[PDB]
């Protein structure tokens, strides 16, 4: 998920612009739902996931907002000490406590119902057991018990009319979610929201801690610790799930890191290139970032270094040359099944080689696998979500960076071999694989383009449409599942968004889809957008249907 906003200092022809790109995968029907709520203290237009009462992407005419996932660490594992004769009794604060439990019965189509038991201790639900060490791991969440209050701070921030009113809701939102603010006066703000444990000194949040009580959280950290900014010096705010602020600790997830190499630079760089951006310039960065290969900017300079000194006709130099001459921006071939440049396929193969040669050699099986992916692992249907520099590649980059990386390389990823040797070697291998997979004449190499699918199964693997009730888009776009562009102008607010395939997923028993079943697909693919109407006079000309309900109360 990415987002970028500019205030009065950098906004052009506007007081503030906010472009949000939430990433959730692509689905049919659409992941998000458009809506306008007018009355009873509400005046909001936007679109939101699963049609939640809380509208995540929108504005109220005074304040616009958006968000990206936070990835902070508000969830620790507690290794409960289980009684050797009652796995459901655990030791905590001096007492052998009985675990809370509950029976759940699953009706199963075509079988007899199945019942199983779920346990919960003082720290959270029991998530796994290790009988050999009398352990029952339980998941402690800093947001447990605060779900509803968080959902409600989430509907209430939508009624905020200023920065202080908005902060009063942000403080009550407990999930690790980044929130963005822009307003009619040109003020912009950001708050990495969430409740984070005030842990016992020396509690490594990356590994389980004993649940006998000595390691219990002391409390919840105060809102004042939460990274936030109001009208940053830079004149802009951008995020693509990167770190909020210096020294901020990410989730314990092994796969997730905020390191030297970070996709957010693709955004910052583009924004800094302009003195003031119009809403059209802002939308331009969306097309750019959707197509830019993320590893190109990071890795080519190392490729250039290792091959300096080799002649022009050297094979690994043919490759480096193709890359140094590329802008990183992928384009679909005329047949729509290929890329016009072979750069991604090169970076992909090269990276896979490098990783087996570095982390693949230093990280013991089967964990090496957590670091061998290049990040291009596509499917027939395309990536399921956004594309990022992989865990392995961030770690490889950290190492290549040598003295420029502040992280001590306790284990030499390269195992003593000069890194330029390894780079040269893996480049030579890359060249041969490219030659063998795409032919002898590089001019005729036709590398496969990554497609995108609006899948019939939700992000959970659960069918939410009929089999094959999906949509295919030739060109993958590393952009939000939806995009909304909101602009506070001298006149007021102009906003736009796109919710593909469409607003409705209805298909009559007869097999007739709604007229809005897929009227936004092409709009998505072509980087278009439709208007977001807030007020009655400007929505008026576009009303196609009215329904009046008199509800008995």
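Numbering follows the first chain given and starts at 1.
Output the stretch having the higher mean C-alpha B factor in the entry; the candidates are 273-281 and 411-419. Higher of the two, by average CA B-factor, is 411-419.
So which stretch wins on mean C-alpha B-factor, 433-441 or 71-79? Looking at the recorded C-alpha B-factors, 433-441 comes out higher on average.
Report the option among 53, 492, 502, 34 whose CA atom has the maximum B-factor in the deposited record. Within the set 53, 492, 502, 34, 492 shows the top C-alpha B-factor.
Most elevated Cα B-factor in the entry, residues 169, 187, 358, 374: Most elevated C-alpha B-factor of the set, per the entry: 358.
Among the chain's modelled residues, which third holds the C-alpha B-factor of residue 464? For residue 464, the deposited C-alpha B-factor lands in the lowest third.
State the tercile, meaning the lowest, middle or highest third, of residue 510 with respect to the CA B-factors recorded for its chain. Tercile = highest for this residue's CA B-factor.
Using the B-factors in the PDB entry, rank residue 314's C-alpha atom against the chain and give the third, lowest, middle or highest. According to the entry, residue 314 has a C-alpha B-factor in the chain's highest third.
Quick one: classify residue 523 as lowest, middle or highest third of the chain based on its Cα B-factor. According to the entry, residue 523 has a C-alpha B-factor in the chain's highest third.
Relative to the other modelled residues of the same chain, rank the CA B-factor of residue 96 and answer lowest, middle or highest third. It falls in the top third of the chain.
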